[PDB]
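> To start, I am sharing the structure in question, which I have written as structure tokens.
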Amino acid sequence: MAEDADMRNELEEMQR
Amino acid sequence: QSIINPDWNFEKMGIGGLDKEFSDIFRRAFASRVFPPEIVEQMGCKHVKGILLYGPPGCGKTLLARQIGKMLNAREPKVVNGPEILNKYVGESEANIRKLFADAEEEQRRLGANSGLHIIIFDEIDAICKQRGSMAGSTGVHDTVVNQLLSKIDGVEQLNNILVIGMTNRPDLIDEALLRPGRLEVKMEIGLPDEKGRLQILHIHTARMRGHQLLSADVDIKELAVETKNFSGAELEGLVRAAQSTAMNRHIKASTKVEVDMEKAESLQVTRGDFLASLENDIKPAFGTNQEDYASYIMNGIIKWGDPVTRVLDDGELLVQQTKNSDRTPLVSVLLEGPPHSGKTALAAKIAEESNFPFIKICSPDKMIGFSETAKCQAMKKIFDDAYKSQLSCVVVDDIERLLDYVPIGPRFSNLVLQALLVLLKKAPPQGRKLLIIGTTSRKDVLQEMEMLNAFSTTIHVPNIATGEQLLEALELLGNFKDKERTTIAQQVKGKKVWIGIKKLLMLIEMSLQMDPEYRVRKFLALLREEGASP
Amino acid sequence: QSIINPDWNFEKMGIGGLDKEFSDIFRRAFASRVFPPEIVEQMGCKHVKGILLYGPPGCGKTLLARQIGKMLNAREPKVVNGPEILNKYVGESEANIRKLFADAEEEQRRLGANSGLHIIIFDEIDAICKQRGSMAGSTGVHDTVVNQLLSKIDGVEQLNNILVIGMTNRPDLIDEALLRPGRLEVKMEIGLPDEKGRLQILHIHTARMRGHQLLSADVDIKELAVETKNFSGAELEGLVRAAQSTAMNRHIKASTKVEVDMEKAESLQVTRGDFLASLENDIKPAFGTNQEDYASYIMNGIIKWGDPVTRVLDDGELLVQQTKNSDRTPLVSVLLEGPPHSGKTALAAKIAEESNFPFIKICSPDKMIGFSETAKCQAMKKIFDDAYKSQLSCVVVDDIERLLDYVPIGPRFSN
Amino acid sequence: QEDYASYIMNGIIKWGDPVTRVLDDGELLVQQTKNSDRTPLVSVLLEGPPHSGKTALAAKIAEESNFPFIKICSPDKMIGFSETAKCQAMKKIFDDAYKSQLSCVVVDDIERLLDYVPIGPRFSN
Ligand SMILES: Nc1ncnc2c1ncn2[C@@H]1O[C@H](COP(=O)(O)OP(=O)(O)OP(=O)(O)O)[C@@H](O)[C@H]1O
Ligand SMILES: Nc1ncnc2c1ncn2[C@@H]1O[C@H](COP(=O)(O)OP(=O)(O)OP(=O)(O)O)[C@@H](O)[C@H]1O
Ligand SMILES: Nc1ncnc2c1ncn2[C@@H]1O[C@H](COP(=O)(O)OP(=O)(O)OP(=O)(O)O)[C@@H](O)[C@H]1O
Ligand SMILES: Nc1ncnc2c1ncn2[C@@H]1O[C@H](COP(=O)(O)OP(=O)(O)OP(=O)(O)O)[C@@H](O)[C@H]1O
Ligand SMILES: Nc1ncnc2c1ncn2[C@@H]1O[C@H](COP(=O)(O)OP(=O)(O)OP(=O)(O)O)[C@@H](O)[C@H]1O
């Protein structure tokens, strides 16, 4: 079984 | 105020070979905006706000986009260079997309109908817009981007002062909802030019040199246009550029210190030899068959050692003319058959070369060594699909018995390839287009057993050398043995019948030549005797 | 200001065996930047903006790129080491690409046609520029990067002050749209050298030693050039390095505390014995040949027990002469047949050894135990592909019936 | 709508009685299938020597009827397909045909659809 490929990511910003 | 700059001329934009496409675009897009308004209001139609361009690399799409942008009298166009909208945060890509249409909406709301035009250019549009629901990862942003674009182009609010231009290399990957009328109507294909287009393009890129007297008088443009086949605009420009540098290099010395003459630089001129040299060592097209193929397939040329050689060519010419002229039979086929080592591939290549058709291709097994069965079928289907696109085409299939793996033991062979070939030999191309197929083999009875010899229209036989006179004529035409030795050779062969193939004689002669000068004819005769005969 | 450095000199570069390739590169790339500007203006041509170099390992691509970088009087070149621009956040891998062209665009906008030159180098370009899938459902893992690069090299906005250089070992995987005459126009192959190039390389790498009288008088470089057949540029340097190390090792003693005798270290010299030892044990080429295989296949030598042994060898000599001195027949083949245990695989090995061709390879079933037919076909194709990069090649196919998996029952074999 | 021009590329000419006889038989079969309730399914086979024009006559017979749904299944589209893809395609075509109240389907070049070769012989079961 071929291991799952790499993935991107999504980011969320927070305000102080 | 008109929508075209007063100082605009079609010959100023430097595009050649696309008169029809430009005419169609102008008719479909800008016809409404130039015609007097009152009739348009009476007629009550809406303008068009979408253009798509597709085609193979290096044909002139970006040039068209830039020139169209320069033609119109309006605001400076907005250009997007590929996927420049994507952002790492959430909801920023959609904001970036929405920021493009702000000014258009503001002007529409303020000035209503009496408003200017806004142009937006998307380069590599297939990067951001793809069919929804196909990406396994990171699809959260792509689908949202597509939906935002669709809603903005055509939504509840209506705009009537925007024009969108897109360029792509893969038209079939774009979402269908974006291609319906009302969003992107005018779809255009830009393809390779014909001879007239090549001549126009070549004339465009040599105007300055002629104007300034830097071009020699022995250069003929028409010869170049005729010679340069399958080229595209970029390749023609590259050829001219290489020719220009080959001339500049004759006045520089890069031995130890780079030095220029500057006293012979004046009187610099470009000659025909520069063009010829640049065409054989610098630039090579990336389409179709070229000289490097005929060189390999026809290695030792063709020599008229007898009558049948002319007979075969005169029989092939009749079929070439028939396929060119007739209209009731758009598809024709022929089979060349003969004993081994007779020279069938060379004759087929010669006939195809003299056909002079725009499209020529050769399908041989030596380019598919080690392939499976499906790979072979797929590689054949691709070659046959590209001839349907052209107008009149010719194709060659050599060594059929090797294309399908036949071995006398068993027997054993590939059924899939046989069925694919039997299907393709009776498939006709689209209306108005014509195709010729030539095939070569060395085992007629086997093909007859499989019921393939009745899918061909006619057959041509390629015989062997049969008499000593023909052998002596071939020897004379090759000029390998002198008259004194040829007399001795004739003393032996004239009273006998011979049975030899042309491709074997050239090997026998080479084998004989290695011996010492005294034992050459003797060795040649011994080998010939050993060969025997079996008519 | 001239584009070329005032003090540049060809002999200073230190590259040997590539005089034609460099001439072609110079002519096609820098010819239009040395000529007077007014005449070039009159002709109305644009400059070339691309170079690609491909070939087998160790033949001097990264050296040529670095020297080209150092020979121009311009800014400091930008370098990208393989996939150094990949990132995990969405939309960053493409910002990295767009960040390489900022200075060029700014200078083009400001200074117009009086700008300098900006160079960019892509090492292992095939890692980030593979062909786009172009079929729905197998979209490439990175296609946005390819699209961004294509849009930036040649787009709606025109640049005339850039130059890009790429390097690869697998030129057949690059995207086609990247290699058209408008983007990467000049493509060159760097291959193995010939005898003259080997002499030039050896002189380049021995000049400094010869300067300080550190090289013995019994060393002849022409003989070394003759002996070293089918050696790449790196292997000659490795040979010289090994010889120097062997020479140095004689004045050190390491089986207890490490001491160096600095009284005979001032009479240090390199002899040909070191070179001979190095050629036998340390450096083993890849496209050449070595004597171990012959010892493996001719185990017990060849004895002349009769007349046929001479006839078989004389026929092979004749065939070798024909194949080397012929033009109409560039390919010739022969078959050796006989009863079992007659010793036919040693005679073939002996003929191949006596041919004296630069490239000699033996294909045997001993290295294909348990393989399926596909693997065997792939191995044969690899050997024959390697054989087409030499001016004279000889190949031997051994035990054909064990290669086809023939068995009398049935019969059964691999088609 | 099928591209009947491709299959009928040179029209039809009445060079003899058999043409009219075949067309009349086809019309009779169409009428029977249209106006029957005991036999909802009907089948017929056209056979003859090679180069007789069977495909054109079958296409004409199909066209002359005015059924809402008409389709033609040919091996021209199934090039390089496996023995499963063909089954799936035929199943899809018949499933689509089932929806309409009246359906007519044409299967041409049966022997090419089974991959028949007289050596051994061979075919797909
Ligand atoms: N029809 C043409 N007439 C004149 N010049 C042309 C033509 N086609 C191409 N050229 C020349 O080739 C150059 C490159 O063409 P262009 O960039 O417009 O191609 P493209 O189709 O957008 O390419 P790609 O598919 O690689 O993105 C143009 O700048 C122009 O110099
Ligand atoms: N009149 C001629 N006709 C054909 N070939 C010729 C003629 N004169 C010289 N030749 C040379 O003879 C060779 C023809 O061999 P070719 O490979 O075409 O033969 P073939 O019968 O197709 O091959 P094979 O039997 O090995 O499958 C080519 O080198 C061709 O240049
Ligand atoms: N033509 C040459 N002349 C002189 N030295 C050379 C030459 N080719 C290689 N060398 C020597 O070998 C060293 C290593 O070779 P280089 O890094 O240029 O090879 P390469 O082809 O880029 O390698 P790879 O394909 O493995 O990435 C050079 O720094 C130099 O010392
Ligand atoms: N004159 C000679 N000719 C050939 N081989 C010789 C001669 N004198 C000695 N020998 C030795 O005889 C052996 C020949 O064995 P080899 O494996 O080459 O034979 P073979 O017939 O190919 O074998 P097989 O039938 O088992 O495949 C080698 O060890 C070789 O060195
Ligand atoms: N009276 C006719 N009957 C049938 N076909 C005719 C007639 N007159 C002309 N034709 C034309 O004859 C051509 C031959 O028909 P078609 O290709 O269908 O034959 P076929 O018997 O199915 O062929 P094959 O034996 O190759 O499978 C068709 O273009 C058809 O238009």
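The residue numbers of chain B are those assigned by Swiss-Prot, with the residues present covering 206-740 sequentially.
According to its header, this structure was worked out by electron microscopy, 3.0 Å.
Heads up, the Cβ atoms here are built off N, Cα and C, so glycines get one too.
According to Swiss-Prot, the protein carries these features:
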MOD_RES   B:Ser207  phosphoserine
MOD_RES   B:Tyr259  phosphotyrosine
BINDING   B:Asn505, B:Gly506, B:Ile507, B:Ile508, B:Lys509, B:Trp510, B:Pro545, B:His546, B:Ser547, B:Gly548, B:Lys549, B:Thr550, B:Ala551, B:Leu552  ATP binding site
BINDING   B:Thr550  Mg(2+) binding site
MOD_RES   B:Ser569  phosphoserine
> Would you mind checking how many other C-beta atoms are within 10 angstroms of the C-beta on B:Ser569 (phosphoserine)?
16
> Can you grab the distance from B:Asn505 (ATP binding site) over to B:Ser207 (phosphoserine)? Cα atoms, rounded to a whole Å.
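Between the Cα atoms of B:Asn505 (ATP binding site) and B:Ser207 (phosphoserine), the distance comes to 67 Å.
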> Using DSSP reduced to three states, classify B:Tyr259 (phosphotyrosine) as helix, strand or coil.
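It is in a strand.
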> Quick one, of the binding-site residues B:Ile507, B:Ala551, which Cβ has the fewest other Cβ within 10 Å?
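Output over binding-site residues B:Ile507, B:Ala551: least Cβ neighbours within 10 Å is B:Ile507.
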> Counting other Cβ atoms within 10 Å, pick out the least crowded of the binding-site residues B:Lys509, B:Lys549.
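So among B:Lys509, B:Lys549, the binding-site residues given, the one with the fewest Cβ atoms within 10 Å is B:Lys509.
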> Through the lens of DSSP with three states only, how would you label B:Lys549 (ATP binding site)?
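The three-state answer is helix.
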> Looking at the modified residues listed here (B:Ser207, B:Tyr259, B:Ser569), whose Cα lies nearest to that of B:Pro545 (ATP binding site)?
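For B:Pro545 (ATP binding site), the closest Cα among B:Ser207, B:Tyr259, B:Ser569 is found at B:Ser569.
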> Since the record lists B:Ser207, B:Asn505, B:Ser547, B:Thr550 as recorded positions, which of them has the fewest other Cβ atoms within 10 Å of its Cβ?
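Sparsest of the recorded positions B:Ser207, B:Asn505, B:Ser547, B:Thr550 by Cβ contacts within 10 Å: B:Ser207.
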> What is the separation, in Å, between the Cα atoms of the residue listed as 'phosphotyrosine' and B:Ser207 (phosphoserine)?
30
> Those recorded positions, B:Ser207, B:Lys509, B:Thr550, B:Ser569: which ones have a Cβ sitting under 6 Å from ligand 2?
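Those recorded positions that pass the cut-off, since their Cβ is under 6 Å from ligand 2, are B:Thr550.
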> Between all pairs in B:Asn505, B:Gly506, B:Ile507, B:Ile508, B:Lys509, B:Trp510, B:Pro545, B:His546, B:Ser547, B:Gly548, B:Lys549, B:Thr550, B:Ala551, B:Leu552 (listed as ATP binders), what's the biggest Cα distance, rounded to the nearest Å?
19
> For B:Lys549 (ATP binding site) and B:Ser569 (phosphoserine), what Cα-Cα distance in Å is obtained after rounding to a whole number?
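Cα-Cα, rounded: 13 Å.
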> May I ask you to pick out the recorded positions among B:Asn505, B:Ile507, B:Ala551, B:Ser569 with a CB closer than 8 angstroms to chain C's CB atoms, ordered by sequence, or 'none' if no residue qualifies?
B:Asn505
> Just counting, how many other CB atoms are there within 10 A of the CB of the residue listed as 'phosphotyrosine'?
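Its Cβ shell of radius 10 Å holds 20 other Cβ atoms.
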> Any idea what the Cα distance is from B:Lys509 (ATP binding site) over to B:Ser207 (phosphoserine), rounded to a whole Å?
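About 70 Å separate the Cα atoms of these two residues.
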> Over all shown protein chains, what is the count of other CB atoms within 10 A of the CB belonging to B:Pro545 (ATP binding site)?
11
